[PDB]
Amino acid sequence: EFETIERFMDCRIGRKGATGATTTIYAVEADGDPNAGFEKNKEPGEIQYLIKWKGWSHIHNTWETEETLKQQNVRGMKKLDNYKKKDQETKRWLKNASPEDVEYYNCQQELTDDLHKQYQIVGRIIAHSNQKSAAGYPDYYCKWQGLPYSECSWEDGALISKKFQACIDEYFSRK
């Protein structure tokens, strides 16, 4: 306490209030998207940013506005200015570019976009906890798709099982 910006993964406009815990993949699979079905064409959302947090896997990323950040008193604020300055610099250098340049930028960015989504999925469970929740779930050491083992981390047993039961059944299956 308190939390720290590690990396800005993305940028969007969405429903005002569609920020925070309710905005994780797990929260969203369980309960639905607070940004439900947001047409740029409900009252303009706000500029919202997808945040990757210090000491927390990508599974736990949240969408946050300049204001929630300031509100939640997080550290790494400097990084919101660079992200913006940098975002502006890109746009300016791409106002007039071939359609080729613009084409390249959209593929070469769909690539990453998709890449980053993989960090949120477990490609292998490698260890579990000797202690268990009251519900009787152990925690799992997870190997995430797309990232080195130095990025493995311990995920809540219930959290995982909701989506990666297969990885779980498979880990125990290899005994």
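Residue numbers here begin at 1 and follow the sequence given. If you superpose the two forms and keep the largest set of C-alpha atoms that fall within 1.5 Å, you have the rigid core.
Once the rigid core is matched, which of the two stretches, 62-70 or 44-52, lies farther off on average in 4 other deposited structures of this protein by C-alpha? Once the cores are fitted, 44-52 deviates more in 4 other deposited structures of this protein.
Which is farther from the shown form in 4 other deposited structures of this protein in C-alpha RMS with the core fitted, 135-143 or 122-130? Once the cores are fitted, 135-143 deviates more in 4 other deposited structures of this protein.
Decide which of the stretches 108-116 and 49-57 has the higher mean C-alpha B-factor, going by the entry. So the stretch with the higher mean C-alpha B-factor is 108-116.
Quick check on the record: does 40-48 or 23-31 carry the larger mean Cα temperature factor? Taking the mean B-factor of the alpha carbons in each, 40-48 is higher.
Per the entry's values, where does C167 land by CA temperature factor relative to the rest of its chain, in the lowest, middle or highest third? Ranked within chain, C167 CA B lands in the highest tercile.
Which third, lowest, middle or highest, does the C-alpha temperature factor of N130 belong to within its own chain? It falls in the middle third of the chain.
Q71 - which third its CA temperature factor falls in, relative to the rest of the chain: As the PDB entry reports it, the C-alpha B-factor of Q71 lands in the lowest third of its chain.
Determine, from the deposited record, the chain-internal third of the Cα B-factor for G146: lowest, middle or highest. Answer is middle: the recorded C-alpha B-factor places it there.
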